[PDB]
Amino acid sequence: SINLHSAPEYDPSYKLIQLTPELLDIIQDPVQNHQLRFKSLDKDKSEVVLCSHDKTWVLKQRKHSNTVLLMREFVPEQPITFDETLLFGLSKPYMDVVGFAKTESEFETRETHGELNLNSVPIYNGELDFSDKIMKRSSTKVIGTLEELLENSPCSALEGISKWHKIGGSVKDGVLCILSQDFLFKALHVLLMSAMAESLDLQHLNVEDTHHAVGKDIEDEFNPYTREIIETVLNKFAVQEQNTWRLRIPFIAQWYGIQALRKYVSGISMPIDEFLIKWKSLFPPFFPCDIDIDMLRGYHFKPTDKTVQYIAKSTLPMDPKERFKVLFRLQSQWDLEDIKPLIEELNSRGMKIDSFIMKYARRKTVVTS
């Protein structure tokens, strides 16, 4: 048998944390130490998360009504002796343990989407007096560097950097900022324009060559396209070697195509060929890309087989039956690949997307009500 001992006072510093298989693998990895880290914005209010170098878990405390004792083996200074009575089902004691902790709760860990804390970071639209406007704000405290941002965000380093690149994060005059859609697209256009004019390798762009190409023949005082702006644009529309960037050309073409949809066929339809003409005409001269209407799936619909018109998902109903109804009213017959991105967000319970469509629609391969 095992002798059970208890201290008169437990240490509440000992706590139970749920270890997911991945968390367990990380913790049980002798190769590296300090791979997991508790992070919080503040001590008294904000949530605490557990982060590796590329993943984030949210902590949740859960109280229970049972007695849970954390006990450890100890070597008695003196032999533990007591008179044995009529104890049956009890063998001779061979071991002593002492309850050193008494927990009333567990700390559960749930995998969660790491996110950036974008509280104090302003939006940059390419103004020339941006430094002044920020300096004349109510909140003087400004996030200086990206390291500070990641440090004070509920996310891992890799998640943070990825999101920062995805949202067009940048820095102007020493203050971190987020480029507006307008300025992002303008900076992209200027970058592409300059890239063609200097015959830069679109598969191997760097910050210095691109920035120099952009600000070569313009005054510094009137040039908002700094090295950081260029680097941001590259980190948004290109992919860097794990050294140099290569443009995501179909993605760029898609962006221009969405803009084109919003500009030319908003509220009105138009032959696909002519729209292709306008779309292509939006690009900087000699820019290498082959456009196709399929790039714009989820951003358009076809009133007729030879016409195209813009549609925003935000204007669609949130109830499945109604959304399918209005989509089918706008267009009687759909191609299978065209309606999916318009209705995917409504699949909350999770199933096969084809079956999901089957519930409200039928094939005949095109799609009908």
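Each residue number is its position in the shown sequence, starting from 1.
- Going from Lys364 to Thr365, the model skips 4 to 9 deposited residues, which lack coordinates.
- Unmodelled stretch separating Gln242 from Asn243: 4 to 9 residues (count of deposited-sequence residues without coordinates).
- For the two regions 60-68 and 317-325, the entry's Cα B-factors average higher over 317-325.
- Higher average CA B factor: 270-278, of the stretches 270-278 and 156-164.
- The entry assigns its greatest Cα B factor, within the set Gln32, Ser40, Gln309, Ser52, to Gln32.
- Comparing C-alpha B-factors across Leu184, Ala260, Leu118, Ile291 in the deposited entry, the largest value falls on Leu118.
- In the deposited entry, the Cα temperature factor of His212 sits in the middle third of values across the chain's modelled residues.
- In the deposited entry, the Cα temperature factor of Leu36 sits in the middle third of values across the chain's modelled residues.
- Ranked against the other modelled residues of its chain, the C-alpha B-factor of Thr140 as given in the entry falls in the highest third.
- Looking at the C-alpha B-factors along this chain, the one for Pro122 belongs to the middle third.
- Sort the chain's modelled residues by C-alpha temperature factor and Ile343 lands in the highest third, per the entry.
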